[PDB]
Amino acid sequence: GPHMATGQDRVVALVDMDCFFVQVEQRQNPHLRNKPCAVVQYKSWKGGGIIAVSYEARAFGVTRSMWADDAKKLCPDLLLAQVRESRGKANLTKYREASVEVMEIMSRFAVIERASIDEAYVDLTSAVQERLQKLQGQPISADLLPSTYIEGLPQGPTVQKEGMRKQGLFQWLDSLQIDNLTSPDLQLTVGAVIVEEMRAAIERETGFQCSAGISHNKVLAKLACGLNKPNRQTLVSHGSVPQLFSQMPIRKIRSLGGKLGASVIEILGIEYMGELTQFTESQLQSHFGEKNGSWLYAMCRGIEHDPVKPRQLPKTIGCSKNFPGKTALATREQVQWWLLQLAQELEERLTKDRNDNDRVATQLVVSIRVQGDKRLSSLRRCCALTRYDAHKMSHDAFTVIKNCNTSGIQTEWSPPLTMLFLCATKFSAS
DNA sequence: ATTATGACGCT
DNA sequence: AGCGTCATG
Ligand SMILES: [Mg+2]
Ligand SMILES: [Mg+2]
Ligand SMILES: [Mg+2]
C-alpha cells in the first residue's frame, strides 16, 4: 500500500547517438549524407568488417558484424567509409574526439555518466525541479515535445506515424496534473522537455542526431531509448511498465541478453519480463543469487536503483589487435614489433589524456590470446606503469608474457598469438 | 577471419 | 589480482 516504494524518485535519461561512426563520417564527407552507408575496419578480408550502419542501409538488411562483400550483396549501392589505420592497426581517434564533443555539450545540462563512446546517462532530477519552479504551474505545450513518443499511447476509443505520435502525446498531456510539483508523470514530462533541448543543442553544435529515453532509472531509460530510433525520444512512465513488460522478451533488458537471461528463461520456464512478478524475492535469489535475485524482483516491477555515476571520462585507455587465422604471430620479432606498435598508440593517447584531463595511469594490463583457446583472453597480467614511454611499456609487456612461449627455440613463438591487448588503468590525479 | 574497445562482478 | 560476463562503435 502506502509503504511499497514505486521507484519514481529520479528522472533519468539515456542519450544515444544514432549510427554514431557513420554520422561522424557523414559530417566529414557530405557525399555520404542521406545514403545507405556503413563504416568498415580493414579491407582485404571479405571487404572489411562493418561496425556501423546508416538507417538507409539497415533497410536493406545490412548489419554490424557483417563483411562488406556480403553487405554489398544485400545493398549494391552501399557506400563505405574506412576506419583510419595507424601503425598497422585500426585507429579510432576521430570517433573518440567526436564523442568528447557530444559529452561536453550534454554536461552543460546535467552531470552525465559516459556509458560508452556514444551514449550517456543523465540524472535530470534536479534540473527538473528547477524547471518546474520556473514553470509556475504552467501546462506543458505539445510544441515543447516535437520528437517525443509516449510509450503505450495512444490507447482506447489517421494512418501516419507522426499522427500516431501526436495523438499519444495529446492523450498523455491531457491526463497530466500540472499543479503537483511532486507528480512523477509531470517530472518525467519536464525531463523530456529538457532532453528535447539537449538533443537540439547537440545537433545544432555538432551536426549529430541522437535518440533518447526518459524514465525513472537507467534500465528503463535505455529500453525507452530503443523504442523509437532514429532521431526520436521516448518517455516510459512507471504506469506503462506492466503492459510494456507483458510482451518484452527477457533478453531485451540490459544485463539479461546473455547467459543469465538464458538461465532465467530456462529455470523459470518463462519468456517475458512481466512473468517475473509471480516469483518471490527469495525464489529469485535462490535461483540467481542474492544480488541478481533482488535486482530482478525490483526490475520486473519497473524499479532499479543503480545511480548515474558522475563520470564523463573513460576509466581505462586500451589498444587491442587480433591476428586471426594465418596472421597469428609466430616469431619473437613479430611479437615485439606489434607490442611496440600498440604501445606507441597507447603512449600517444595517454600523453594526450594527461594534458587534457590532469591524471596519470599507474597500471599496465597486458592480455593475449593463444591459437586454439576458445576464450577471448588467454592470459591477463598487470605490471607497473611508471613512465609514458612506448619502448618501456612494450618491453615490460614482453617481460610479462614471455614465459607463455612454449617454443624451445628462443626465436620462435608457439603457440602463435591471435591477440595482443595493452590497457592503461588506475588513474591518479596529477 | 565479425574487431576494438569498455564497464563491472566474482573469488 | 586474474578471470568471466555483458555490451557492441
Ligand atoms: Mg548509438
Ligand atoms: Mg550506444
Ligand atoms: Mg548499436
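Reading guide: rules and limits
- Residues numbered from 1 in each chain as written, not as in the entry; some residues may be left out.
- Chains lettered and ligands numbered in written order.
- Heavy atoms only, no water.
- Near = heavy atom within 4 Å.
- Polar contact = N/O pair within 3.5 Å; in protein donor to acceptor, adjacent residues only side chain to side chain.
- Helix = DSSP H or I, 4+ residues; strand = E, 2+ residues; numbered from the N terminus.
- Donors = N, O, S within 2.8 Å, 3.2 Å for Na, K, Ca; no water.
- Domains from an automatic or database assignment.
- Buried area = accessible area lost by both parts, 1.4 Å probe.
- Salt bridge = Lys/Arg side-chain N within 4 Å of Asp/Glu carboxyl O.
- Buried < 20%, exposed > 50% of the residue type's maximum accessible area, 1.4 Å probe, protein only.

1. A look at the protein's contact with DNA strand C
- Residues in close proximity to DNA strand C total 23 residues, the closest being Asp118, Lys222, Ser255, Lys259 and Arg380.
- Of everything in DNA strand C that lies within 4 Å of the protein, sugar and phosphate atoms constitute 65%.
- Contact between DNA strand C and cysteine 382: a phosphate oxygen at 3.1 Å from a main-chain N or O atom of the residue.
- Contributing elements (two or more residues each) for the surface near DNA strand C: α1 (20–28), β3 (49–53), α10 (259–268) and β15 (379–384).

2. Points about the coordination of the magnesium ion (ligand 1)
- Looking at the metal site, the magnesium ion (ligand 1) is ligated by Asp16 (OD), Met17 (O) and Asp118 (OD), spaced 2.0 to 2.2 Å from it.
- Expressed as a motif, the donor residue spacing for the magnesium ion (ligand 1) is D-M-x100-D.

3. A short note on the domain arrangement of chain A
- Along its sequence, chain A is organised into domain 1 (1–18 + 89–249), domain 2 (19–88), domain 3 (250–307) and domain 4 (308–430).
- Distance from the C-alpha centre of domain 1 to the C-alpha centre of domain 4: 39 Å.
- For the pair domain 1 and domain 4, the summed buried surface comes to about 1300 Å²; carbon and sulfur atoms form 51% of the total.
- Of all residues in domain 1, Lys89, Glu113 and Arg114 give up the largest surface area on contact with domain 4, accounting jointly for 49% of the area buried on that side.

4. Observations regarding the pattern of salt bridges
- Tallied over the entire structure, the rule returns 24 salt bridges.
- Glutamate 205 is the partner of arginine 108 in a salt bridge, and the nearest nitrogen-oxygen pair spans 2.8 Å.
- Across the salt bridge formed by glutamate 196 and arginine 199, the nearest N and O atoms sit 3.6 Å from each other. With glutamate 196 and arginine 199 both in helix α7 (residues 184–206) and 3 residues apart, the pair spans about one turn of that helix. Take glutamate 196 and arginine 199: they sit in the same class, and that class is buried.

5. Some remarks on the protein's contact with DNA strand B
- With respect to spatial proximity, 26 residues lie near DNA strand B, and among them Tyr42, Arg96, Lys315, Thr316 and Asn322 are the closest.
- When atoms of DNA strand B within 4 Å of the protein are split into backbone and base, the sugar-phosphate part holds 69%.
- Between DNA strand B and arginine 64, the relevant distance is 3.4 Å, taken from a base oxygen to a side-chain nitrogen or oxygen of the residue.
- Here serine 65 contributes a side-chain N or O atom positioned 2.8 Å from a base nitrogen of DNA strand B.

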